[PDB]
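Here is the structure we will look at.
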Amino acid sequence: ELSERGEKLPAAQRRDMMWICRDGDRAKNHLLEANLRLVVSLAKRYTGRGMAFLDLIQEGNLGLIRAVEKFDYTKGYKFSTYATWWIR
DNA sequence: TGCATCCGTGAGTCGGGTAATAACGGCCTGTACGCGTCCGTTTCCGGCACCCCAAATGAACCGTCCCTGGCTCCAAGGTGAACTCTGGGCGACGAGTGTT
């Protein structure tokens, strides 16, 4: 929003925003690397037909990306239950 | 600095075809198909303006392809006689033969 129709942002008001942006992206990454184990545990079951183990794993990884992007913590549910549907 | 440890080529010649998984509503659209209507086309019914067109209806008609007329000038049918066989008619002569 500040890019066009903004203000000459001072350093105190710019560096903090940049830092929190990087922090959020890093936290997202961290959750993904945490839950790849759930991804592989789910994808182990669909083997033996069509495509290979690693292809299934990477498709589950894409599904996990989608699940994290569309997750909602306010609902007070464990993340695994929501992510399983998207992985599948 | 060997040294095991893979590691990369053989090794010839002309009956067919064999299987798995949670997935389920709900919205969009898109290309193909299915309705109703209108207009160019086109194609013929019968009309001329007449275009005339013509095979069919009167002549001659003249050469010619048929009739009738007379005339021969001859070669075939009718009129002879003989004759050389053609055939019958006449006659004599001779042995194989009916008989006591």
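Residue names in the structure tokens use chain letters A, B, ... in the order shown, residue numbers from 1 in each chain, and ligand numbers from 1 in the order shown.
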Mind running chain A against chain B at 12 Å and telling me each contacting residue's nearest atom pair with the distance in Å (one decimal), counting only C-alpha atoms (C1' of nucleotides), chain and number ascending, as a tab-separated table?
residue	atom	partner	partner_atom	distance
A:45	CA	B:21	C1'	11.2
A:46	CA	B:21	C1'	9.1
A:47	CA	B:20	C1'	10.8
A:48	CA	B:20	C1'	8.9
A:49	CA	B:20	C1'	7.2
A:50	CA	B:20	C1'	9.7
A:85	CA	B:23	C1'	11.0
A:88	CA	B:23	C1'	9.5
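Proximity of A:74, A:43, A:68, A:14 to residue 27 of chain A, computed with only C-alpha atoms, is greatest for A:68.
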Residue contacts of residue 67 of chain A (12 Å, only C-alpha atoms (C1' of nucleotides)) excluding same-chain residues fewer than 5 positions away, as an MDAnalysis selection string: chainID A and resid 28 31:32 35 39 60:62 72:73 79:88
To one decimal in Å, tell me the separation between atom CA of residue 66 of chain A and atom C1' of residue 24 of chain B.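 Between atom CA of residue 66 of chain A and atom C1' of residue 24 of chain B the gap is 20.2 Å.
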Pairwise distance for atom CA of residue 51 of chain A and atom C1' of residue 22 of chain B, rounded to one decimal in Å: 19.0 Å
Using DSSP on the backbone, list every residue of chain A that comes out as helix (DSSP H, G or I), and give them as a VMD selection string. chain A and resid 11 to 46 53 to 69 73 to 75 79 to 87
Interatomic distance (Å, one decimal) between atom CA of residue 26 of chain A and atom CA of residue 69 of chain A: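 A separation of 13.5 Å between them.
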